[PDB]
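The next block is upload-v4.pdb, given as PDB, C-alpha atoms.
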```pdb
ATOM      1  CA  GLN A 562       0.000   0.000   0.000  1.00  0.00           C
ATOM      2  CA  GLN A 563       1.399   3.375  -1.007  1.00  0.00           C
ATOM      3  CA  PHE A 564      -0.938   6.240  -0.146  1.00  0.00           C
ATOM      4  CA  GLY A 565      -3.674   6.464   2.435  1.00  0.00           C
ATOM      5  CA  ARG A 566      -7.096   8.011   2.405  1.00  0.00           C
ATOM      6  CA  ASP A 567      -9.025   9.256   5.388  1.00  0.00           C
ATOM      7  CA  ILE A 568     -12.672   8.363   6.006  1.00  0.00           C
ATOM      8  CA  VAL A 569     -13.615  10.656   3.158  1.00  0.00           C
ATOM      9  CA  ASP A 570     -11.384  10.195   0.127  1.00  0.00           C
ATOM     10  CA  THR A 571      -8.638  12.703   0.865  1.00  0.00           C
ATOM     11  CA  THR A 572      -5.163  11.249   0.790  1.00  0.00           C
ATOM     12  CA  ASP A 573      -3.487  12.155   4.063  1.00  0.00           C
ATOM     13  CA  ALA A 574      -0.514   9.884   3.788  1.00  0.00           C
ATOM     14  CA  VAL A 575       1.964   8.866   1.161  1.00  0.00           C
ATOM     15  CA  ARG A 576       5.150   6.879   0.942  1.00  0.00           C
ATOM     16  CA  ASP A 577       8.261   8.224  -0.664  1.00  0.00           C
ATOM     17  CA  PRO A 578       8.744   6.454  -3.963  1.00  0.00           C
ATOM     18  CA  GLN A 579      12.546   6.341  -4.056  1.00  0.00           C
ATOM     19  CA  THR A 580      12.752   5.527  -0.325  1.00  0.00           C
ATOM     20  CA  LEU A 581      10.328   4.115   2.249  1.00  0.00           C
ATOM     21  CA  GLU A 582       9.293   7.273   4.124  1.00  0.00           C
ATOM     22  CA  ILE A 583       5.647   6.990   5.125  1.00  0.00           C
ATOM     23  CA  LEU A 584       4.878  10.689   4.865  1.00  0.00           C
ATOM     24  CA  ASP A 585       1.490  11.779   6.070  1.00  0.00           C
ATOM     25  CA  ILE A 586       0.358  14.976   4.431  1.00  0.00           C
ATOM     26  CA  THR A 587      -1.601  17.844   5.882  1.00  0.00           C
ATOM     27  CA  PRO A 588      -3.236  20.783   4.119  1.00  0.00           C
ATOM     28  CA  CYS A 589      -1.452  24.066   3.917  1.00  0.00           C
ATOM     29  CA  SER A 590      -3.381  26.338   6.283  1.00  0.00           C
ATOM     30  CA  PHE A 591      -6.320  28.690   6.111  1.00  0.00           C
ATOM     31  CA  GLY A 592      -9.036  30.465   7.970  1.00  0.00           C
ATOM     32  CA  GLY A 593     -10.870  33.716   7.922  1.00  0.00           C
ATOM     33  CA  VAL A 594      -9.098  36.950   8.543  1.00  0.00           C
ATOM     34  CA  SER A 595     -11.604  38.797  10.664  1.00  0.00           C
ATOM     35  CA  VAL A 596     -10.975  42.435  11.437  1.00  0.00           C
ATOM     36  CA  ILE A 597     -11.781  43.944  14.815  1.00  0.00           C
ATOM     37  CA  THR A 598     -12.468  47.626  14.710  1.00  0.00           C
ATOM     38  CA  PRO A 599     -13.714  50.264  17.145  1.00  0.00           C
ATOM     39  CA  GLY A 600     -15.564  51.887  14.304  1.00  0.00           C
ATOM     40  CA  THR A 601     -13.884  54.574  12.171  1.00  0.00           C
ATOM     41  CA  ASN A 602     -15.782  57.104  14.239  1.00  0.00           C
ATOM     42  CA  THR A 603     -13.677  56.366  17.270  1.00  0.00           C
ATOM     43  CA  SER A 604     -10.419  55.515  15.542  1.00  0.00           C
ATOM     44  CA  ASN A 605      -8.861  53.775  12.562  1.00  0.00           C
ATOM     45  CA  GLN A 606      -6.801  51.050  14.201  1.00  0.00           C
ATOM     46  CA  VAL A 607      -7.792  47.444  13.727  1.00  0.00           C
ATOM     47  CA  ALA A 608      -6.861  44.180  15.297  1.00  0.00           C
ATOM     48  CA  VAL A 609      -6.769  41.167  13.041  1.00  0.00           C
TER      49      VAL A 609
ATOM     50  CA  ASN B 709     -72.219  12.407  43.241  1.00  0.00           C
ATOM     51  CA  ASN B 710     -70.783  12.731  46.721  1.00  0.00           C
ATOM     52  CA  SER B 711     -67.412  11.071  47.082  1.00  0.00           C
ATOM     53  CA  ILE B 712     -63.976  12.635  46.931  1.00  0.00           C
ATOM     54  CA  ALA B 713     -60.508  11.156  47.186  1.00  0.00           C
ATOM     55  CA  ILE B 714     -57.853  13.059  49.088  1.00  0.00           C
ATOM     56  CA  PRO B 715     -54.135  12.266  49.329  1.00  0.00           C
ATOM     57  CA  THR B 716     -52.682  11.292  52.658  1.00  0.00           C
ATOM     58  CA  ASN B 717     -48.958  11.170  51.883  1.00  0.00           C
ATOM     59  CA  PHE B 718     -46.877  12.543  49.063  1.00  0.00           C
ATOM     60  CA  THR B 719     -43.772  11.975  47.059  1.00  0.00           C
ATOM     61  CA  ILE B 720     -40.961  14.272  46.045  1.00  0.00           C
ATOM     62  CA  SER B 721     -39.901  13.257  42.584  1.00  0.00           C
ATOM     63  CA  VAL B 722     -37.012  14.608  40.561  1.00  0.00           C
ATOM     64  CA  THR B 723     -37.238  14.211  36.809  1.00  0.00           C
ATOM     65  CA  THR B 724     -34.871  15.499  34.178  1.00  0.00           C
ATOM     66  CA  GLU B 725     -35.365  17.342  30.927  1.00  0.00           C
ATOM     67  CA  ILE B 726     -32.598  17.575  28.369  1.00  0.00           C
ATOM     68  CA  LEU B 727     -32.742  20.418  25.902  1.00  0.00           C
ATOM     69  CA  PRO B 728     -30.458  21.371  23.043  1.00  0.00           C
ATOM     70  CA  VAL B 729     -29.239  24.927  23.380  1.00  0.00           C
ATOM     71  CA  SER B 730     -26.627  25.430  20.675  1.00  0.00           C
ATOM     72  CA  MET B 731     -25.037  23.614  17.778  1.00  0.00           C
ATOM     73  CA  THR B 732     -21.580  23.615  16.281  1.00  0.00           C
ATOM     74  CA  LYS B 733     -20.662  26.906  14.612  1.00  0.00           C
ATOM     75  CA  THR B 734     -18.955  26.153  11.334  1.00  0.00           C
ATOM     76  CA  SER B 735     -17.479  28.401   8.722  1.00  0.00           C
ATOM     77  CA  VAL B 736     -16.699  27.589   5.139  1.00  0.00           C
ATOM     78  CA  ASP B 737     -13.972  28.838   2.830  1.00  0.00           C
ATOM     79  CA  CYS B 738     -16.245  29.068  -0.169  1.00  0.00           C
ATOM     80  CA  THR B 739     -13.379  29.136  -2.666  1.00  0.00           C
ATOM     81  CA  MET B 740     -11.057  26.599  -1.072  1.00  0.00           C
ATOM     82  CA  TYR B 741     -13.924  24.172  -0.892  1.00  0.00           C
ATOM     83  CA  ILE B 742     -15.421  24.782  -4.315  1.00  0.00           C
ATOM     84  CA  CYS B 743     -12.368  25.529  -6.325  1.00  0.00           C
ATOM     85  CA  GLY B 744      -9.608  23.808  -4.473  1.00  0.00           C
ATOM     86  CA  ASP B 745      -7.046  25.886  -2.638  1.00  0.00           C
ATOM     87  CA  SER B 746      -4.954  26.938  -5.582  1.00  0.00           C
ATOM     88  CA  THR B 747      -6.742  27.387  -8.866  1.00  0.00           C
ATOM     89  CA  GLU B 748      -7.500  29.780 -11.688  1.00  0.00           C
ATOM     90  CA  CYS B 749     -10.691  27.824 -11.371  1.00  0.00           C
ATOM     91  CA  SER B 750     -11.294  30.368  -8.601  1.00  0.00           C
ATOM     92  CA  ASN B 751     -10.744  32.964 -11.268  1.00  0.00           C
ATOM     93  CA  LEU B 752     -13.675  31.336 -13.068  1.00  0.00           C
ATOM     94  CA  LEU B 753     -15.677  31.124  -9.882  1.00  0.00           C
ATOM     95  CA  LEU B 754     -15.997  34.848  -9.270  1.00  0.00           C
ATOM     96  CA  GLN B 755     -18.031  34.876 -12.477  1.00  0.00           C
ATOM     97  CA  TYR B 756     -20.794  33.177 -10.509  1.00  0.00           C
ATOM     98  CA  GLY B 757     -21.654  36.321  -8.583  1.00  0.00           C
TER      99      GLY B 757
END
```

Encoding of this model in structure tokens:
Amino acid sequence: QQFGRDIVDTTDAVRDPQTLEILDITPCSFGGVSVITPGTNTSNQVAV
Amino acid sequence: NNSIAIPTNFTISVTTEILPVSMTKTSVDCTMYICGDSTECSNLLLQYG
């Protein structure tokens, strides 16, 4: 067996071809930049 | 017509009641789901309004 799915068909593991190396993979990163502001009437500084 | 029944003892009974209050708050990355993280596909997607 060379690569490995999770419960829903996304390959989260792989073996190096030239070597043995069971590498499990993980997705890059992401989220939602949400911007915290006091309101442009008070000020113009934001936390992220 | 003329007979009544009246308790003579009592009973303290504790019963429970389970109620759902909140559910899991998800968020979706509309592009990264639809178009896959890294694709000019996304450049096609913005066409869809």

Residue by residue, what does the PyMOL selection byres ((chain B) within 9 of (chain A)) grab here? Present the result as a tab-separated table (two decimals) with C-alpha atoms, in the coordinates of the input.
```tsv
chain	number	residue	atom	x	y	z
B	735	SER	CA	-17.48	28.40	8.72
B	736	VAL	CA	-16.70	27.59	5.14
B	737	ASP	CA	-13.97	28.84	2.83
B	740	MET	CA	-11.06	26.60	-1.07
B	745	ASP	CA	-7.05	25.89	-2.64
```

Check: Written as a list in words, which residues does the PyMOL selection byres ((chain A and resi 607) around 10) give for the file shown?
Finding: residues 595, 596, 597, 598, 599, 600, 601, 604, 605, 606, 608 and 609 of chain A

Next item on the list: For the file shown, report as a VMD selection string the outcome of the PyMOL selection byres ((chain A and resi 574) around 9) at residue level.
Entry: chain A and resid 563 to 567 572 to 573 575 to 576 583 to 587

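Counting from atom CA of residue A:570, the distance to atom CA of residue A:582 is 21.3 Å.
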
How big is the axis-aligned box around all listed atoms of stretch 574-593 of chain A once 8 Å goes on each side, and where's its centre, in Å to one decimal, as JSON?
```
{"center_x": 0.9, "center_y": 18.9, "center_z": 2.0, "size_x": 39.6, "size_y": 45.6, "size_z": 28.0}
```

Notebook entry, point to check: Between atom CA of residue B:743 and atom CA of residue A:571, what is the distance, to one decimal in Å?
Noted result: 15.2 Å

Check: Hey, what's within 12 Å of residue B:742 if we count all atoms listed in the file and toss same-chain stuff fewer than 3 positions away? As a ChimeraX atom specification, please?
Finding: /B:736-739,745-754,756

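Atom CA of residue B:741 to atom CA of residue A:568 spans 17.3 Å [interatomic distance, one decimal].
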